[PDB]
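Only one chain is given next, in structure tokens, and it is the form deposited in one PDB entry.
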């Protein structure tokens, strides 16, 4: 526990399933801690997690049990108290349903004391997309789709402009996830 700590930018967290959960900040560290733990006696006492993998794991569960849920992403700034961003506008759940959801999520994350559900404003999510693209003089057309919006970047983009556009998009999805606003580049000329 403190034992695992000494083994190693990480937070080691006790789980209700008697597992030890090592929270890492990114991919490189996740693989490193896995390499390290596998070489010794904790090799099956610990599991290394990070925000990208845990979002993927919870999204698969929700795909079946809450298949129409309008959500963004779960954030792990404090890994003992993950915060699940849901859409305020597109939420269809009563207060009691959201409480049930929080409890199921907590059961799915044995290292978490609680899972707070925060209702986020779609106007903010789309407004950060709009602002980021404008910040790069990227013309775009916003095109609504079923339960989403696509910002379609448009123009005869060169090498660097495409990379800058895609780097912005990746940074956008790290915050909001890719389930509401999505992006595309239409190449012209």
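Positions refer to the first chain, counted from 1. Superpose the two forms; the largest set of C-alphas matching within 1.5 Å is the rigid core.
Deposited residues absent from the coordinates between residue 8 and residue 9, none, 1 to 3, 4 to 9, or 10 or more? The entry has 1 to 3 unmodelled residues between residue 8 and residue 9.
Tell me which stretch has the larger mean Cα B-factor in this entry, 143 to 151 or 119 to 127. Comparing 143 to 151 with 119 to 127, the higher mean C-alpha B-factor belongs to 143 to 151.
Entry-level comparison of average CA B-factors, 128 to 136 and 22 to 30, reporting the higher stretch: Going by the record's values, the stretch with the higher mean is 22 to 30.
So if I compare the CA B-factors in the entry for 62, 157, 163, 49, which one is the largest? Answer, based on the entry's C-alpha B-factors: 157.
Considering only modelled residues of the same chain, in which third does the CA B-factor of residue 45 rank: lowest, middle or highest? Its C-alpha B-factor, which the entry lists for residue 45, ranks in the highest third among residues of this chain.
Taking the values exactly as deposited, rank residue 114 by C-alpha B-factor within its chain and report the matching third: lowest, middle or highest. Residue 114: CA B-factor falls in the highest third of its chain.
Tell me, lowest, middle or highest third: where does the Cα B factor of residue 55 rank within its chain? Its C-alpha B-factor, which the entry lists for residue 55, ranks in the lowest third among residues of this chain.
The form deposited in another entry is left out here; the points below concern that form.
Let me spell it out: fit the two forms on their rigid core, measure each listed C-alpha, and pick the one of 156, 31, 131, 60 that moves 2 Å or more between this form and the one not shown. Which is it? The only residue crossing the 2 Å threshold is 156.
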